[PDB]
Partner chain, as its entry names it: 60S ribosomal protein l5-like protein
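Next comes just one chain, in structure tokens: the form solved without its partner chain.
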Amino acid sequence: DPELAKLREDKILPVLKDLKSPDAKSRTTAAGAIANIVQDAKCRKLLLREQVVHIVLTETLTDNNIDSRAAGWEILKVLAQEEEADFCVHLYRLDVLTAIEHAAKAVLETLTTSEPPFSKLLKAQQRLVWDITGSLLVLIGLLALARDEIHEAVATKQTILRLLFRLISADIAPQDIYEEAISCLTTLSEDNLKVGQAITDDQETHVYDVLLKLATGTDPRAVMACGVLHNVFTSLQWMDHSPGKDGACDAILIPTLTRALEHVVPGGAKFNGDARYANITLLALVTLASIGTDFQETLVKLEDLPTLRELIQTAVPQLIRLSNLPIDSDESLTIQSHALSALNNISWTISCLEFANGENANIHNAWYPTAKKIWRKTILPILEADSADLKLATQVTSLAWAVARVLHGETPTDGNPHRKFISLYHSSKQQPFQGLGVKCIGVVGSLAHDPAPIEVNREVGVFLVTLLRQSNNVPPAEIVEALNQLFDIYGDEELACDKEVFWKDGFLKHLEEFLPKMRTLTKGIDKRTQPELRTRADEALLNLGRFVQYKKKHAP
């Protein structure tokens, strides 16, 4: 390729010689140059071919001049932001974490020294320190997110943690730096024991107390603090069933998060006069969604369940309200999506509990009427409105499935929701257990249980059986869910749908006939690559055999 040779000749080779040499404008200038050169795919790749990282790690970063070190860190930053995660793995294998640790060491020295105190430095100098800090914070987050192994290595770098704690507790860095430090620590504290411990055991800066005061009060950064504290509560297992210092758990954060949601209204979401308050709103929703997942452990292990209690009484009403706001922008659509996400997580967690035989009766009773309200106030209104967005259809269907799993035959029939989900099912196929197809099958089967009307049961039953008869374009995960739905609905000879549908419409012939196709398809699922699906398919194949013999034994 001759166009690459010239491109290499006229923008790559020159700037690299600039990156080199004794001085030193050229280095921040190199960097700034690369910040835009790096943006082009073809220019970025030539630079990597020209060994820029090796240069930066051996020369630019180890330079006595801070203007040079700053330029070096900027270059690694923009590269990491543009490449895939494997680039971060590469920096990691080159031992970039030791260099980051050394730079954070120097930053921390400069911020805490009285010789001279940081405030007494010339503004141009303080800015370079912020330049570098900014680059480091971004890099640390990207690296942690690239691989679990790198995340754990970062957690062992006590000096990185101390820099974060100091930036957060001293509360004297510029706004963007404080926010990036909060965001970085949020990333590092997610599912990480060592980080959680470092935060709660920090008696140099008492970062945990600083965070706790902020999360609980009226500072506009309350929600940011909440994000970090929730991550550590889950990591350390500070929960309802085993509270942390002074009873600490997710429940103590829910008020602040719910408070953030009442400020959202149809009309004003983000302003220039009010910038990125829009910022609190989505962070609150993201945190609420994470709590909705994480609190599963308390349910397994409502005076003793304050988090569940706060989710039902305080959070969910606002989530419902936000889920159904008039859309008048992209912000309102993003907000609706984030609200559905949190509702979904909360609702799925509760529906995974065993309720038959009067188990978890207290939770069931506390939730049931909220389940019905979500069905009526969120699900139905979205369903009416033939939105073509599959993302939104996927979310509403996922939530509906979660809710219908609790309601079953008591799910409202208002508006014939089953027909819309079946219709959604077919339309999706015209544009593994997380597929939209599976979700449609799940919700529709759930609402068909006795005491659903017989014709609701019949339309759903006939849909499910027709998947078995015409399974050419039906993936295994959908077959497995369809079979399981059928087992749940027609397993009882004393229910009206047994004689009035199962036997009358000849479902048995079609189930029995499916068996060979089921054997074939179950074997086709690779155990190495899809062990969870294969396991569920084998169980369904076994139950299909059992169900067929049972129905024959009880044939009318």
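So that the term is clear: the rigid core is the largest set of C-alpha atoms that superpose within 1.5 Å between two forms. Numbering follows the first chain given and starts at 1.
Residues with no coordinates between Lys301 and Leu302, taken from the deposited sequence as a class: Gap between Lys301 and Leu302: 10 or more residues without coordinates.
Neighbours in the displayed sequence, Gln158 and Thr159 may still hide a gap; how many deposited residues lack coordinates there, none, 1 to 3, 4 to 9, or 10 or more? Missing residues, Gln158 to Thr159: none.
Tell me which of 270-278 and 373-381 has the higher mean C-alpha B-factor in the deposited entry. Stretch with the higher mean C-alpha B-factor: 270-278.
Of 24-32 and 523-531, the stretch whose C-alpha atoms average the higher B-factor in the entry: Looking at the record's C-alpha B-factors, the answer is 24-32.
Out of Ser183, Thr411, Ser189, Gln430, residue topping the C-alpha B-factor column of the entry: Answer for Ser183, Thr411, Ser189, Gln430: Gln430, with the highest C-alpha B-factor.
Going by the entry, which of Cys88, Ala215, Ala361, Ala198 has the most elevated CA B factor? Answer for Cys88, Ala215, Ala361, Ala198: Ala361, with the highest C-alpha B-factor.
Where does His263 sit by CA temperature factor within its chain: lowest, middle or highest third? Answer is highest: the recorded C-alpha B-factor places it there.
Third of chain Cα B-factors occupied by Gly461: Its C-alpha B-factor, which the entry lists for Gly461, ranks in the lowest third among residues of this chain.
Could you place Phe355 in the lowest, middle or highest third of its chain by Cα temperature factor, using the values in the record? Highest third - that is where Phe355 ends up once the chain's C-alpha B-factors are sorted.
What third of the chain does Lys123 rank in for C-alpha temperature factor, lowest, middle or highest? Top third by C-alpha B-factor.
Mind checking which third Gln203 falls in for C-alpha B-factor across the chain? According to the entry, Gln203 has a C-alpha B-factor in the chain's highest third.
There is another form of this protein, the form solved in complex with its partner chain, and it is not shown here; the text below is about that form.
When its partner chain is placed as it is in the entry with it bound, are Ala85, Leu91 and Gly141 each within 4.5 Å of it, taking any non-hydrogen atom of the residue? No, because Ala85, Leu91 and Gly141 lack any heavy atom that approaches its partner chain to within 4.5 Å in the entry with it bound.
Taking its partner chain as it sits in the entry with it bound, is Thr200 in contact with it (heavy atom to heavy atom, 4.5 Å or less)? No - in the entry with it bound, heavy atoms of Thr200 and its partner chain never come within 4.5 Å of each other.
Any of the heavy atoms of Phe433 lying within 4.5 Å of its partner chain in the entry with it bound? Yes.
Would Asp176 sit within 4.5 Å of its partner chain in the entry with it bound, counting heavy atoms only? Result no; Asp176 lies far from its partner chain in the entry with it bound.
Is it the case that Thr334, even though its partner is missing from this view, gets within 4.5 Å of its partner chain in the entry with it bound, heavy atoms only? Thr334: no contact with its partner chain in the entry with it bound.
Please tell me which of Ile320, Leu193, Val286, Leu212 lies within 4.5 Å of its partner chain in the entry with it bound, judged by heavy atoms. Checked against the cut-off, the match is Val286.
Exactly one of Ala388, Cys352, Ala385, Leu122 has a non-hydrogen atom within 4.5 Å of its partner chain in the entry with it bound; which residue is it? Here the answer is residue option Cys352.
Just to confirm the contact call: exactly one of 461-469, 101-109, 131-139, 286-294 touches its partner chain in the entry with it bound at a 4.5 Å heavy atom cutoff, so which is it? Residues of 286-294 come within 4.5 Å of the partner.
With the partner left out here, which residues of 399-427 have a non-hydrogen atom within 4.5 Å of its partner chain in the entry with it bound? In sequence order, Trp401, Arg405 come within 4.5 Å of the partner.
Only residue that shifts (Cα, 2 Å or more, rigid core superposed) between the shown form and the other one, among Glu84, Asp414, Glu384, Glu455: The displaced C-alpha is that of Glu84.
Does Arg44 move appreciably between the shown form and the other one, meaning a CA displacement of 2 Å or more on the superposed rigid core? Superposed on the core, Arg44 moves its C-alpha 2 Å or more between the shown form and the other one.
Displaced residue check between the shown form and the other one: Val501, CA, 2 Å or over, core reference: Shift at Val501: below 2 Å after core fit.
Superposing on the rigid core, I want to see if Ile489 changes position between the shown form and the other one - specifically a Cα shift of 2 Å or more. Shift at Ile489: below 2 Å after core fit.
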